[PDB]
There are 4 protein chains.
Amino acid sequence: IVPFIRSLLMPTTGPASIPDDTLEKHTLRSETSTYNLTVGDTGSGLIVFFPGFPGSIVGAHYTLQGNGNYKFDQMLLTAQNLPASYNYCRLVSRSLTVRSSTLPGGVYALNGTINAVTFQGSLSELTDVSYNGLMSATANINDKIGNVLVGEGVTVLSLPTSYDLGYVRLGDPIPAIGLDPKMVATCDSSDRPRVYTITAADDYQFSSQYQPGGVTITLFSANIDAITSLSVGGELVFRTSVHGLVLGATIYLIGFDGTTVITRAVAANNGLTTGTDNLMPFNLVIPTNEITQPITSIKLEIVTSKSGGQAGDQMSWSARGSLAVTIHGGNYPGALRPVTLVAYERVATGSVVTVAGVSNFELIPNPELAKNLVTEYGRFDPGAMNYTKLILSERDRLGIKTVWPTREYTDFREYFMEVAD
Amino acid sequence: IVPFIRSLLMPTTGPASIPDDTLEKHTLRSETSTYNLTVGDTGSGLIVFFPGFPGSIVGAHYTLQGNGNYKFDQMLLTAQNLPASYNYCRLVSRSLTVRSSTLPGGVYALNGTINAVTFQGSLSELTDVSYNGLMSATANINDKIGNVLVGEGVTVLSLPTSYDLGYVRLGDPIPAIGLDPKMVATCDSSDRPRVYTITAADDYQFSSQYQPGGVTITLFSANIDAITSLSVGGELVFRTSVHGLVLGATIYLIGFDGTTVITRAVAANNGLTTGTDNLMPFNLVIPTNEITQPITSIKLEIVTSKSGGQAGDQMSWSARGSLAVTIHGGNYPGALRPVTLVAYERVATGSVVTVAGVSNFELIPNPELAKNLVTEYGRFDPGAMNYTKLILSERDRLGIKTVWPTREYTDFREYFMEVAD
Amino acid sequence: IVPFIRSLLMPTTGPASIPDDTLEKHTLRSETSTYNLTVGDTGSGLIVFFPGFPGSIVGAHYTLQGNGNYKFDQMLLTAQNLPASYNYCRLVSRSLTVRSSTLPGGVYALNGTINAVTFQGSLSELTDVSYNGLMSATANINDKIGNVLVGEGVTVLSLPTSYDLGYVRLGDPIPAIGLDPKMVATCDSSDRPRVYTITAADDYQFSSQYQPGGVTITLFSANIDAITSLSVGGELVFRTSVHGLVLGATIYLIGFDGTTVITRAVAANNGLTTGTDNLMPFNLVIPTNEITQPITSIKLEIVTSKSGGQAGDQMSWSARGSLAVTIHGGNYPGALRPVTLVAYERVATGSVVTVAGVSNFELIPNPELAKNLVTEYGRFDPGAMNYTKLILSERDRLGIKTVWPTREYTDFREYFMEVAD
Amino acid sequence: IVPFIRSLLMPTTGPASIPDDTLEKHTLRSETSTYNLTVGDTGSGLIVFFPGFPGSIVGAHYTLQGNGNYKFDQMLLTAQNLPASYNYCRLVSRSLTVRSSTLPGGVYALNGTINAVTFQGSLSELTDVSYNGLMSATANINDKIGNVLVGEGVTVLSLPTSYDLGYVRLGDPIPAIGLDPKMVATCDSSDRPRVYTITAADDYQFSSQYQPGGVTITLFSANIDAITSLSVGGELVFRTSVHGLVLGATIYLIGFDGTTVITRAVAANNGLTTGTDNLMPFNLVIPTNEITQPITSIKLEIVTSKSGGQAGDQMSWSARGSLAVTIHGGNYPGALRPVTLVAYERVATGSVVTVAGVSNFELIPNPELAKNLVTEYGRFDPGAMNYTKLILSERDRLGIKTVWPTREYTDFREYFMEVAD
């Protein structure tokens with residue numbers, strides 16, 4: 001127990017039912033997140049948070065490098081894997097703190113500052129993720145924070161991205177036996193899916209002379225976002241006057257760090273018939289476990305080649321067609337929607353950047369846990385929503401930020417927490 | 001600023017946040033719609049409006065013809081293309097006025113009357129769209145209007161089709177580079193998709209003697225609705241005792257005027273094996289930009305033919321199978337749901353029918369605009385919803401129509417607007 | 001007499017002192033503006049207003065043409081030329097009405113609609129001046145108006161663009177005798193000048209083979225705004241390895257209709273020395289009387305040529321340098337700042353578009369009129385400003401527009417004018 | 001939203017309209033400033049702030065050196081370049097914090113103290129900029145601060161330098177196409193220009209014997225200030241009895257660090273005629289982009305030389321004449337007017353000096369942004385100004401400083417911020 005507003009503004013307090021109209025028998029839980037990330041050779045890095053993620057995914061750590069590129073480090077998660085025990089969930093509140101806790105055994109460099117912003121969009125949508133670039137990702141003053149000393153730390157508060165949302169299904173494993181030992185079956189978050197429609201080519205003319213092994217072109221590359229399962233569908237129709245051409249095609253899903261996270265054969269070894277229409281369907285389904293880090297983009301590669309060939313080939317074809325990437329439950333707010341970036345720099349190489357937080361949820365147990373876990377509709381307390389609405393409404397005057405300098409936030413935890421001690 | 005009810009009942013007033021439980025940081029906007037449509041040779045025509053469309057599509061103009069058929073004229077849209085600047089949106093209120101403004105340089109014919117109704121369904125669902133046919137599309141007296149003088153004009157008011165709806169994603173373009181110059185990548189409205197399942201045939205027997213070029217049959221034709229992207233999936237399995245038959249199949253998407261709006265090859269040039277099962281998959285994905293006018297139906301054509309053939313063929317096969325048309329975000333209310341028809345007749349050929357309106361939305365800026373556009377949760381003012389509920393509840397006693405004679409509506413704009421002048 | 005708010009919201013009422021802190025002995029005046037513009041062959045046209053212009057310039061009329069170009073018609077002014085009788089001035093309020101009053105002797109075509117917007121910028125800054133393009137020039141709903149019947153008309157209200165502004169000096173003629181009969185001497189509006197700095201070229205390389213008469217290139221072309229006097233200054237330095245090159249340069253000031261409004265020789269017939277630096281100064285001063293229509297842009301043309309020349313010239317030079325266009329009193333708000341466009345279309349060719357309005361000012365008489373005109377500081381009435389501030393503050397809720405459908409505006413003239421009848 | 005006083009005294013709070021009489025439709029924005037400056041070999045440096053700068057320029061960093069000279073490091077700016085999105089602006093409030101965040105990897109030297117003052121004049125007007133020299137730049141006790149520990153930090157608060165000021169035009173780029181790729185066209189801040197009139201010489205006699213290449217003298221050197229565009233005009237008349245003398249002249253604009261920031265040829269290679277008057281005009285126009293660091297002075301150099309010459313020359317001339325340097329919008333308060341210096345010393349070489357702040361403005365969007373950005377007159381709340389006046393009036397008793405020890409300032413953020421938490 002704790003009035004929803006208390007939990008909303010100070011999640012470390014514990015959970016409370018969200019006072020909206022979504023009346024479902026459920027249970028409440030608090031999940032911690034503790035990490036001791038290590039600073040890289042550059043002393044700069046980036047932590048990406050999914051403030052409203054309806055599940056155990058909290059964020060991911062990337063380190064910046066000499067080449068100015070990022071290198072995925074690891075995913076930031078919940079103390080326990082919710083999908084393992086519950087099937088449905090809803091985020092009530094969340095709070096996290098990035099802050100350094102060490103100093104290499106050979107340094108006294110207070111070194112370290114932090115910049116943080118809350119982008120109203122998906123990771124791939126950011127137009128600039130440099131330390132200082134972040135500062136202008138939003139126009140909202142209460143969603144930024146500049147040069148906070150790393151020692152002091154920063155606090156990330158998760159304000160609501162909408163209420164009266166339904167429950168999300170965690171990527172819980174459904175019962176299933178198979179021949180393959182590594183076979184996985186799960187019921188994924190589907191509701192409110194995101195769809196990206198890509199018109200790869202509209203009668204695009206291709207041509208290059210022969211080549212042993214074939215010539216390869218990257219037809220397109222688009223920015224998409226995904227943390228959980230998605231699927232590509234659609235079809236590409238090819239036409240050619242040439243004889244004996246064998247097309248090969250592969251789709252790639254690239255991580256935030258430029259790394260290829262997933263690769264699939266849309267159609268390898270395909271023979272093109274002169275004159276007739278050559279259909280090349282897409283039937284991709286990428287499961288969650290295969291997505292080892294956030295997907296920032298997708299690209300299509302086509303490797304054209306001919307059965308014989310000399311210097312005489314001048315291989316050529318024409319392609320028309322569009323695809324449709326569908327990331328399940330992608331449009332459920334907070335699932336991919338708001339991203340909070342916490343960038344640090346000048347931090348002593350090797351020093352630790354400690355992350356600690358709490359996530360509160362409304363959950364529905366899986367068949368097994370449901371036998372010992374009682375569920376109930378939320379406690380009823382009038383005007384709880386109105387007050388929330390009022391609060392949020394007057395959010396900026398009240399100074400309720402999403403990214404706070406831990407000190408300021410701490411003083412707020414009395415500046416409206418000096419009642420019921 | 002303007003109490004939601006003021007905006008709801010008089011949209012020309014400006015926007016206001018919807019007082020529901022969907023708490024999201026957003027921005028408010030008003031978009032105008034101005035058109036000067038020209039009357040055809042018949043002096044009769046039809047304007048189709050999508051009252052609750054969550055975006056820049058307001059409606060479409062069709063002109064009636066001698067053959068008694070309609071001819072699509074053009075789409076009615078918002079002053080600016082929202083998907084270009086915002087990614088998510090929600091309609092707050094909308095108001096439009098159809099009314100004549102001219103008279104050919106050789107006429108003094110007051111000529112012109114208007115009939116209008118608000119159908120609780122998709123365009124294709126209308127059982128009669130004739131001038132007088134409309135009058136009985138709904139049983140609600142406050143959703144009809146008969147023989148309003150065209151000079152006087154009519155006003156279309158957009159009442160809520162549900163509240164607490166989430167944001168819709170506009171067909172905004174996602175970042176992407178490709179080889180084709182005319183390559184398009186966008187993130188479409190997906191949430192609350194509409195699905196039509198069509199069982200094309202259940203062991204349907206086909207047979208006709210040979211024919212040079214082949215014989216062609218239209219397997220089925222069904223009414224579906226679509227304004228934005230959709231996709232057809234499924235599969236048809238064929239069986240045949242005959243040898244060397246090559247099946248060809250194409251899908252058509254027809255406009256409201258009978259015109260073919262889109263055509264795709266589901267599978268052209270396919271060879272049927274005697275005895276074995278012959279699978280014919282569907283992997284269609286129709287992007288929005290390709291839909292030049294509302295889609296009222298879909299049909300499948302199969303062209304069967306044999307490799308040799310004389311008078312000896314008696315080509316025959318059997319097909320089983322069902323498809324599944326999915327129009328993304330189709331079931332989000334107002335996306336396709338309520339259609340308001342404004343039919344006019346007896347209007348002087350060549351005279352202008354002027355359309356003017358305002359659409360108010362709650363919007364979320366795209367990554368670029370988000371750097372100068374601040375967003376906030378809606379202003380909190382208690383009892384705003386209740387009053388709305390009350391108002392709507394007592395909607396018919398209060399005489400709040402969706403289609404008004406501009407005069408009556410004008411007097412209502414004082415009959416409940418004579419406060420705060 | 002009339003409370004400033006009465007005058008502000010209903011200028012046809014008469015003048016009143018502005019209740020700000022600019023305490024100067026002055027006099028009050030109302031000036032009418034009556035015009036009967038004639039509709040062109042296209043039936044479409046554009047009227048440009050300078051709502052806050054501190055003087056006798058009200059606007060200008062342009063007619064659209066087949067080639068889709070505009071043709072300046074004439075300037076819209078005050079009943080009398082203020083600069084002739086006063087030296088200083090300040091605009092208190094202004095109101096204007098565009099509306100058709102005729103119908104060719106061979107037509108009964110109600111034909112005609114109007115679109116109007118108030119752009120927060122100079123004329124040249126508009127990114128689209130088409131009939132429908134205007135509709136999205138501002139995001140403010142109360143600064144647009146769509147498809148108003150031309151017969152009904154539109155009313156342009158002039159809201160304040162800032163208060164506590166000083167007096168502007170009218171282009172009044174100063175005493176002066178000269179040898180030239182057409183010699184003119186005046187004291188212009190200077191305060192708050194606008195400055196445009198143009199870096200024409202930074203070591204720009206030029207080269208083309210000989211040519212009798214020379215080869216001519218347009219170095220640059222930029223958008224600037226001016227209605228009254230301006231002046232170009234600066235300098236271009238040239239370098240050349242070639243011998244005997246004679247450069248010629250001219251500056252053009254182009255009207256809104258593409259027409260050249262003014263042309264001046266920055267430096268015609270100039271000999272370039274090989275090796276040394278060749279300075280080409282600008283000392284232009286364009287007086288008001290020479291500006292026959294609003295200046296939308298400026299461009300520089302350089303005609304290079306050689307003393308001898310065959311096919312052997314390969315004339316070439318390099319130029320570095322920037323100019324500085326200074327439009328006197330250009331940044332005084334309303335002097336060029338807000339432009340209100342009133343576009344009409346479908347209007348019967350030959351029909352009259354009547355313009356009528358009133359402008360109220362605070363004025364200081366010239367030496368001669370000052371002998372019979374008594375001046376006084378404004379009448380003091382407490383809270384006049386606050387109420388104004390309050391009103392303007394709550395401007396959008398109150399529905400106070402800058403462009404109104406004359407009918408609505410008329411009803412407002414009671415909806416807040418039903419007191420003191 | 002936030003009462004102007006809250007924003008004024010605690011800018012990190014957000015923007016609010018200034019409650020003065022300058023009524024203009026506008027928009028409000030907060031811009032951050034984050035920098036991690038590095039301490040030089042001397043451990044001492046100087047940060048120069050322009051507290052009231054009406055735009056994106058916040059200040060500039062200089063490092064002190066062994067030779068006791070400063071070396072410009074870089075300009076301190078706003079998170080985003082305002083001139084890129086807005087055309088007009090007005091500063092509401094500003095707050096900045098200089099403070100160290102590191103310590104070299106080989107030190108434990110708390111080392112570091114700060115001195116800060118707010119000079120009521122331009123940078124070039126300071127009579128002493130040494131660490132301790134600053135302490136006596138003002139007599140106001142609340143505009144100084146001595147030996148604040150660098151670790152603790154200092155806070156720079158921006159008090160009003162006048163109200164009821166008009167909007168300033170940002171150096172926004174005006175539309176323009178040219179032959180040179182690096183051609184730039186912009187509309188600069190002009191209103192309230194500063195003018196320096198320099199009488200270079202009044203019949204100054206010059207004479208020196210011949211010299212190959214010529215003899216060069218620096219005619220004059222004066223202190224002027226400029227951060228944005230300026231222009232030099234005027235003329236020098238020369239007289240000589242000698243024959244065949246070719247004068248060359250160049251103007252230099254020197255930075256705060258003694259470095260030449262800009263150099264221009266006023267007139268290179270000029271032949272002096274014996275007896276007649278020899279005019280040497282100035283037509284300089286220095287654009288903003290060329291000013292890479294604040295200009296602290298200007299000087300004129302004249303290189304006299306003769307066509308022939310042996311030991312026989314005794315070159316001599318006489319010059320009369322005065323120039324007029326005009327820095328556009330230079331006298332708009334805060335544009336150059338008050339400078340706040342933050343000097344640090346004894347800081348560990350290599351350690352970081354972190355700068356962080358917020359700037360709040362009232363802005364007018366450029367033509368493009370104006371289509372999605374709504375503007376409004378300021379919110380009206382009575383007595384807001386009076387209270388301000390009262391506050392400022394009693395400024396010293398209340399202890400409202402412009403330079404605070406971050407600790408004291410922090411406690412003030414409760415000592416008058418313990419209301420509305």
# chains A, B, ... in the order shown; residues from 1 in each chain; ligands from 1
call {"tool": "interface_residues", "arguments": {"of": "chain D", "to": "chain C", "cutoff": "8 Å", "atoms": "only C-alpha atoms", "output": "PyMOL selection string"}}
result
chain D and resi 21-25+164+166+174-180+182-192+267-269+283-287+364+366-368+370-382
call {"tool": "select_by_dssp", "arguments": {"residues": "range 50-115 of chain D", "states": "strand (DSSP E or B)", "output": "PDB file with C-alpha atoms, in the first residue's frame"}}
result
ATOM      1  CA  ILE D  57      26.167  33.612 -27.298  1.00  0.00           C
ATOM      2  CA  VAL D  58      26.783  32.981 -23.614  1.00  0.00           C
ATOM      3  CA  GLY D  59      30.454  33.738 -23.230  1.00  0.00           C
ATOM      4  CA  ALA D  60      34.024  32.805 -24.159  1.00  0.00           C
ATOM      5  CA  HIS D  61      36.873  30.984 -22.445  1.00  0.00           C
ATOM      6  CA  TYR D  62      40.439  32.294 -22.277  1.00  0.00           C
ATOM      7  CA  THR D  63      43.425  30.654 -20.619  1.00  0.00           C
ATOM      8  CA  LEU D  64      46.210  32.631 -18.990  1.00  0.00           C
ATOM      9  CA  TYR D  70      45.535  35.092 -22.584  1.00  0.00           C
ATOM     10  CA  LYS D  71      44.841  32.579 -25.322  1.00  0.00           C
ATOM     11  CA  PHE D  72      41.280  32.380 -26.617  1.00  0.00           C
ATOM     12  CA  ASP D  73      39.982  28.852 -26.150  1.00  0.00           C
ATOM     13  CA  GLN D  74      36.389  28.862 -27.377  1.00  0.00           C
ATOM     14  CA  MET D  75      32.969  30.461 -27.409  1.00  0.00           C
ATOM     15  CA  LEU D  76      30.349  29.338 -24.905  1.00  0.00           C
ATOM     16  CA  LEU D  77      26.962  28.978 -26.518  1.00  0.00           C
ATOM     17  CA  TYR D  86      13.851  31.978 -34.795  1.00  0.00           C
ATOM     18  CA  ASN D  87      14.164  35.496 -36.181  1.00  0.00           C
ATOM     19  CA  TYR D  88      13.461  37.642 -33.133  1.00  0.00           C
ATOM     20  CA  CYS D  89      14.203  37.195 -29.473  1.00  0.00           C
ATOM     21  CA  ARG D  90      14.309  38.696 -26.000  1.00  0.00           C
ATOM     22  CA  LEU D  91      16.116  37.343 -22.947  1.00  0.00           C
ATOM     23  CA  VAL D  92      13.893  36.636 -19.942  1.00  0.00           C
ATOM     24  CA  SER D  93      16.395  35.150 -17.480  1.00  0.00           C
ATOM     25  CA  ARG D  94      19.732  33.327 -17.394  1.00  0.00           C
ATOM     26  CA  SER D  95      21.753  31.362 -14.855  1.00  0.00           C
ATOM     27  CA  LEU D  96      25.180  29.737 -15.115  1.00  0.00           C
ATOM     28  CA  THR D  97      27.567  27.775 -12.968  1.00  0.00           C
ATOM     29  CA  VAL D  98      31.347  27.573 -13.321  1.00  0.00           C
ATOM     30  CA  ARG D  99      32.847  24.824 -11.134  1.00  0.00           C
ATOM     31  CA  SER D 100      35.540  22.145 -11.334  1.00  0.00           C
ATOM     32  CA  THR D 113      39.718  29.429  -6.168  1.00  0.00           C
ATOM     33  CA  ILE D 114      37.470  31.782  -8.124  1.00  0.00           C
ATOM     34  CA  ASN D 115      36.955  35.531  -8.310  1.00  0.00           C
TER      35      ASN D 115
END
call {"tool": "atom_distance", "arguments": {"atom1": "CA of residue 211 in chain A", "atom2": "CA of residue 316 in chain A"}}
result
12.5 Å
call {"tool": "closest_residue", "arguments": {"among": "A:419, A:356, A:215, A:46", "to": "residue 341 in chain A", "atoms": "only C-alpha atoms"}}
result
A:46
